[PDB]
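K.L.:
give me the fold of what follows.
(3 chains, ligands or ions: 6)
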Amino acid sequence: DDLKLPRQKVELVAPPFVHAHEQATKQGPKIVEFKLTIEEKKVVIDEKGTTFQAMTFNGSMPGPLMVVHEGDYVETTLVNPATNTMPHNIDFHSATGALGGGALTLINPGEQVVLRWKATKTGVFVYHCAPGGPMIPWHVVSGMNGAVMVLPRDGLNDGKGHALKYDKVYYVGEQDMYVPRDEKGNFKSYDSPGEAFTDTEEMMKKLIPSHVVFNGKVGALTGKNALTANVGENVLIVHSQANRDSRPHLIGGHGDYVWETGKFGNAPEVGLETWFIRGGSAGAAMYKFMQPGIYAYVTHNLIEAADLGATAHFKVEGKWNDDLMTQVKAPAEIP
Amino acid sequence: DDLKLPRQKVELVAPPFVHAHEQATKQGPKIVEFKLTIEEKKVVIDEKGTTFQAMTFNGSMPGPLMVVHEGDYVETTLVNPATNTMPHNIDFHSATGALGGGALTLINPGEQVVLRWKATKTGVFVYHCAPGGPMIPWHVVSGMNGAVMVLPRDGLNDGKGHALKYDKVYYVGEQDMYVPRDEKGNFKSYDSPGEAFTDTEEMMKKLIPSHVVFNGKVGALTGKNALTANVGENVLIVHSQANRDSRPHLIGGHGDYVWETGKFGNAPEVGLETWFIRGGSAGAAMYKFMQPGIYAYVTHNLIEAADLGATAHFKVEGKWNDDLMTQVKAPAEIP
Amino acid sequence: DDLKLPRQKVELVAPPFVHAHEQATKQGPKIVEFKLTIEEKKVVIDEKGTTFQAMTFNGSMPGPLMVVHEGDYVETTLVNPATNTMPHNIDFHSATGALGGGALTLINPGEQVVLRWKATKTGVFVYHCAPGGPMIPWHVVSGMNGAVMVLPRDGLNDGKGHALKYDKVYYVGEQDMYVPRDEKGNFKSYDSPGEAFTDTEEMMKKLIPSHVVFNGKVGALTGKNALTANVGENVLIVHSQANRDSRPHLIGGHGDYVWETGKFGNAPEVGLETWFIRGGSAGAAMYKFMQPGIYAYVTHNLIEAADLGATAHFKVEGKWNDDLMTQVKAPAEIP
Ligand SMILES: [Cu+2]
Ligand SMILES: [Cu+2]
Ligand SMILES: [Cu+2]
Ligand SMILES: [Cu+2]
Ligand SMILES: [Cu+2]
Ligand SMILES: [Cu+2]
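P.N.:
Residues are numbered from 1 along each chain as shown, chains lettered A, B, ... in the order given. Ligands and ions are numbered 1, 2, ... in the order given. Sure, structure below:
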């Protein structure tokens, strides 16, 4: 191997969490090594018990977030165990050449492959499976998509000469799902992805999802699994959608600094209510919390958010600010 | 009450008009007082006589536009008369905390509540009802949404050191409506919002509206109710959509200065043909008219514009400019 | 005729190619003369033999790209031959007044008209037929749309003081098509546009296309008709959509410089994965190729791209760059 740089192995963590990393760094370029192991599996996606033939990187929807810096090289070992039923590959939107890597990574069950790409573009980017032809959309909407973040070596900035630093980062992957129904309107179950294919493709081509979820299921980022923050903390929220548009919004908050197209060579917009994630992309928003309590993080098609699955919660700790908002008079009879 | 600022009551006006206000101002912060009275009512929405179970702020779709300045406090008395049938509240996208105010403003029929929020973010913003769970999308698409504008104290600018001043402002609220049909394809009628709910929710979840209208009905901003201007006048057009994307366009004109994400801390884009309003947001465009006659203001999904209801007209007064455009030869036989 | 400028006739070429022109120019304003001849015709749109009642400018979908400079006047002779069956006109989004020209250009079969407009706004812009009322969307989605590019006299720039020059330009026109089906689900055929109208309008109002194509048919920009480039060449890709949103992406590449709203008075964004074309607009992206081989140019709703028709190919010549990407280990058994 001609490339004589130091190598470092990083262990991935399951979304919505993100592996430990530096923002600004004094390190120089290195080869950062990752492993992804594909898993086909049947999962429950809603409160009613609907099942779904999922196909995943590393067992999760979305796949895990990789974090590197500009000028690093990213060397991924992609594994397709013999217990899976079909061929898979990987396309990095961050990479240059060979259909994002897809033309160099097609592997049958029982095989693995090693792909390296140079991180020449900064931002958040989708990665997804793309075997060929009609298999491309089917693998993606079955769950085979995640993201990678390529940070500047000096960290993030506001476009006006000031550093932005986040106290924590979360990754919200949004998935449009297509579960067929029978003639009485009930959702269908299947014993393998291959058995689900014909009915699923027929539904896909009509363009209307049955479910729109964060982190793989209705309610995944609520209750015991709500996102957390403190008043005064700056939180970065990375949002991806590999196939279909979304319009994120933080109920009771704002996007203080937003890269809706997701690329750090562009200055952020400021003070947004709602932003726009193009299908086939990742974007990012940073917010400094000012008030404690519950927030909902939604797509602002509210039918999708409340009725099809696309709501997360934040539970924020701290002291209420009565200057920013206050209930002057509680509910009372009309005089 | 700890807050010792002067108070001023402002009377709202029905869309598409906007209450009188200053752009640049020499006044300091004040508490600006507004009242909204909720009205549930059955209305006619198209030329054919289709009826609709609407729920409104102040009797209109959209609710009226509130206009204040950065650093003001906005104190709203929300009234739910005893003649209404269910609970309602209000969520301001301009506000910080308590789900935009929604967690502090839930009122039953026969009750009123008073909410204050500080106007710390500049721009145009949606406000909407949001009672909880599946009621959130249903109240919004029934008509319970409007907007608020928070101006800089120095008025608007172009991002290049020049003031922009408008001669008039209009507010265009766009509403996606879901009217169910029976087995023969005819639109259904109902005697209350509660009776309409089950069939309406079933249709909502399929994501395709039956109607897309401006100012509450097909043709509302046409004919006797066309928008007006003169050649030489600078017109600001505020556009909101609380649930679903839109793509505004002025036929025969342009957006000279456009804030499509709607927030005045960002410089405007210039010289646009068509812009994009994310569902869950307000945006704004300014145009200086150069030619007299009729203009159509549309969403540029032309099926929605011409066939589902989403067309307004401007009738502009003044002298034709033959340098900008001219009919060199009138229709004639092909030689 | 009061206007005393030199006149020059330019011959149009069929998409995706573009007539020869200058970027930066030392010429002053002139009257640039074009001719468009309308053709209604029955065409095959997919691999299966589905037919479609198309209506076109100059025999192509999209209509051809016109290229002029800021301050030119554009004088178009629009011809409606006697072999056509209904009235047509033209609306230029680049023009000011009279519904873009539509109110001055309505012509019956057997007639022609001459319209001039001044090119006061820079960028890429849609042009389309717009006869009136429900005919507007129907003519547009039948194929009656193209684009015009208005270049600055000094050529394009990056917003940071540097010239951008392209080595070639392609025009990709995307068309949403609505082909009705019968009760068994098979696509319907018709003997005239008038006969197709009733069933087509019923389908249009449901908002879901049967086909989404580039250059008028599935596969039009693939195989013998793939787009071409060399490693090291800067390629400008103009994309239009007159009725419905799109999200372009170059698989294995990026948008180095992107004007997604399409207007050259705005600085471009840099280093994009996927961009957004609002329905009713044209946008533009420039990319310098770094790797040889096949690329797919798609809308990144991958169901639309792979299953409904919306994929083009580039075949790029040159030497592989193993620093940017390399296959470290070929597929092998899992140890
Ligand atoms: Cu796969
Ligand atoms: Cu992709
Ligand atoms: Cu309500
Ligand atoms: Cu909201
Ligand atoms: Cu026509
Ligand atoms: Cu148009």
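K.L.:
and the nearest residue to residue A:2 once chain neighbours are set aside, helix, strand or coil?
P.N.:
In this structure, residue A:2 finds its nearest non-sequential neighbour in residue C:322, 7.5 Å apart by CB to CB, 6 or more residues apart in numbering or on different chains. For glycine as for every other residue, the C-beta is placed from the backbone atoms N, C-alpha and C. Three-state assignment for residue C:322 (DSSP: H, G, I helix; E, B strand; the rest coil): coil.
K.L.:
how deep is residue A:215 tucked in, by neighbour count?
P.N.:
22 (other CB atoms under 10 Å in any protein chain shown).
K.L.:
check contacts around it.
P.N.:
Counting by CB atoms under 8 Å, 6 or more residues apart in numbering or on different chains, residue A:215 makes contact with A:15-16, A:60-62, A:172-173, A:221, A:225, A:312.
K.L.:
just the helices from chain A, written as ranges.
P.N.:
A:135-141, A:193-204, A:302-303 (DSSP state H).
K.L.:
I figured the residue nearest to residue A:2 hits residue A:96, correct?
P.N.:
No: with contact defined as CB atoms under 8 Å, residue C:322 does not count as touching residue A:96 (11.7 Å).
K.L.:
the two: which is more packed in?
P.N.:
Using other CB under 10 Å, the more surrounded residue of residue C:322 and residue A:96 is residue A:96, with 22 against 12.
K.L.:
pretty sure residue A:107 contacts residue A:77?
P.N.:
No: look at residue A:107 against residue A:77 with CB under 8 Å: they stay out of range, at 10.7 Å.
K.L.:
name the residues contacting each of those two.
P.N.:
Between them, residue A:107 and residue A:77 share these contacting residues under CB under 8 Å, 6+ apart: residue A:113.
K.L.:
which of the two has more neighbours?
P.N.:
Neighbours were counted for residue A:107 and for residue A:77 using other CB under 10 Å; residue A:107 has more, 22 against 16.
K.L.:
for the more buried one, list the residues it contacts.
P.N.:
Applying CB under 8 Å, 6+ apart, one finds that residue A:107 lies in contact with A:78, A:80, A:87-89, A:113, C:331.
K.L.:
and the closest residue to residue A:71 other than its chain neighbours, how far is that from residue C:291?
P.N.:
Of all residues not flanking residue A:71 in the chain, residue A:29 sits nearest, at 4.6 Å (CB to CB, 6+ apart). Residue A:29 sits at a distance of 20 Å from residue C:291 (criterion: CB to CB, to the nearest Å).
K.L.:
so chain A: which segments form each domain?
P.N.:
Per the record, chain A has its domains at A:7-154, A:168-180+A:209-317, by automatic domain parsing.
K.L.:
got the ones you listed as CSV, with distance to residue C:4 columns?
P.N.:
Converted to CSV, the domains of chain A look like this (distance: least, CB to CB, whole Å):
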stretch, distance to residue C:4
domain A:7-154, 51
domain A:168-180+A:209-317, 45
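K.L.:
and of these, who's closest to ligand 3?
P.N.:
Closest of these to ligand 3 is domain A:168-180+A:209-317, at 12.4 Å (criterion: CB to the ion).
K.L.:
touching ligand 3 at all, the closest one?
P.N.:
No: judged by CB under 5 Å from the ion, domain A:168-180+A:209-317 stays clear of ligand 3, getting no closer than 12.4 Å.
K.L.:
which residue does the stretch 51-200 of chain A have closest to chain C?
P.N.:
residue A:97 (3.5 Å; CB to the nearest CB).
K.L.:
and for the closest residue to that residue other than its chain neighbours, the neighbour number?
P.N.:
What sits nearest to residue A:97 in space, not counting adjacent residues and going by CB to CB, 6+ apart, is residue C:291, at 3.5 Å. The local packing of residue C:291 (other CB under 10 Å) involves 19 other residues.
K.L.:
what's near enough to touch the residue nearest to residue A:71?
P.N.:
By CB under 8 Å, 6+ apart, the neighbours of residue A:29 are A:5, A:69, A:71-73.
K.L.:
now residue A:228
P.N.:
Residue A:228 is in contact with A:314-317, counting by CB under 8 Å, 6+ apart.
K.L.:
how does it look with 7 Å?
P.N.:
Contacts for residue A:228 (CB atoms under 7 Å, 6 or more residues apart in numbering or on different chains) come out as A:314-315.
K.L.:
where's residue A:227 relative to residue A:177, distance?
P.N.:
Note on residue A:227: its distance to residue A:177, by CB to CB, is 22 Å.
K.L.:
and if you look at residue A:183?
P.N.:
Using CB to CB, residue A:183 is found at 21 Å from residue A:177.
K.L.:
can you check residue A:277 too?
P.N.:
Distance from residue A:277 to residue A:177, counting by CB to CB: 17 Å.
K.L.:
in stretch A:120-133, which residues are buried?
P.N.:
Judged by neighbour count using 16 or more other CB atoms under 10 Å in any protein chain shown, the buried positions of stretch A:120-133 are A:120-131.
K.L.:
how about it and ligand 1, touching?
P.N.:
Yes: Stretch A:120-133 is in contact with ligand 1 by CB under 5 Å from the ion, via residue A:129.
K.L.:
ends of that stretch, what's the gap?
P.N.:
28 Å (CA to CA, to the nearest Å).
K.L.:
ok, now stretch A:201-221?
P.N.:
28 Å.
K.L.:
how about that stretch: buried residues?
P.N.:
By 16+ other CB under 10 Å, the buried positions in stretch A:201-221 come out as A:201, A:203-204, A:207, A:209-221.
K.L.:
do the same with stretch A:98-115
P.N.:
Judged by neighbour count (16+ other CB under 10 Å), stretch A:98-115 contains these buried residues: A:98-107, A:109, A:111-115.
K.L.:
please state the offset of that stretch from the chain centre?
P.N.:
In terms of CA atoms, centre = their mean, to the nearest Å, the centre of stretch A:98-115 is found 22 Å from the chain centre.
K.L.:
swap in stretch A:51-61?
P.N.:
For stretch A:51-61 - counting by CA atoms, centre = their mean - the centre lies 14 Å from the chain centre.
K.L.:
repeat that for stretch A:157-168.
P.N.:
The chain centroid and the centroid of stretch A:157-168 are separated by 22 Å under CA atoms, centre = their mean.
K.L.:
which parts of it are buried?
P.N.:
Neighbour-count burial for stretch A:157-168 flags A:164, A:166 (criterion: 16+ other CB under 10 Å).
K.L.:
select, out of the helices of chain A, the one closest to chain B.
P.N.:
helix A:302-303 (3.9 Å).
K.L.:
could you see whether chain C lies near the closest one?
P.N.:
No: using CB under 7 Å from any CB of the partner chain, helix A:302-303 stays clear of chain C, with a minimum separation of 14.9 Å.
K.L.:
contacts for that helix, please.
P.N.:
For helix A:302-303, using CB under 7 Å, 6+ apart, the contacting residues are B:136-137, B:140, B:204-205, B:207, B:243.
K.L.:
rerun that using 10 Å as the cut-off
P.N.:
Identification of contacts with helix A:302-303 by CB atoms under 10 Å, 6 or more residues apart in numbering or on different chains yields A:212, A:249, A:310-311, B:128, B:130, B:134, B:136-141, B:176, B:178, B:201, B:203-207, B:242-244, B:279-280.
K.L.:
wouldn't residue A:205 be in contact with residue C:208 here?
P.N.:
Yes: between residue A:205 and residue C:208 there is a contact under CB atoms under 10 Å: 9.3 Å.
K.L.:
from chain B, how far off is the residue nearest to residue A:71?
P.N.:
34 Å (CB to the nearest CB, to the nearest Å).
K.L.:
who's more crowded, residue A:183 and residue A:177?
P.N.:
Ranked by neighbour count (other CB under 10 Å), residue A:183 and residue A:177 place residue A:177 first, with 23 against 5.
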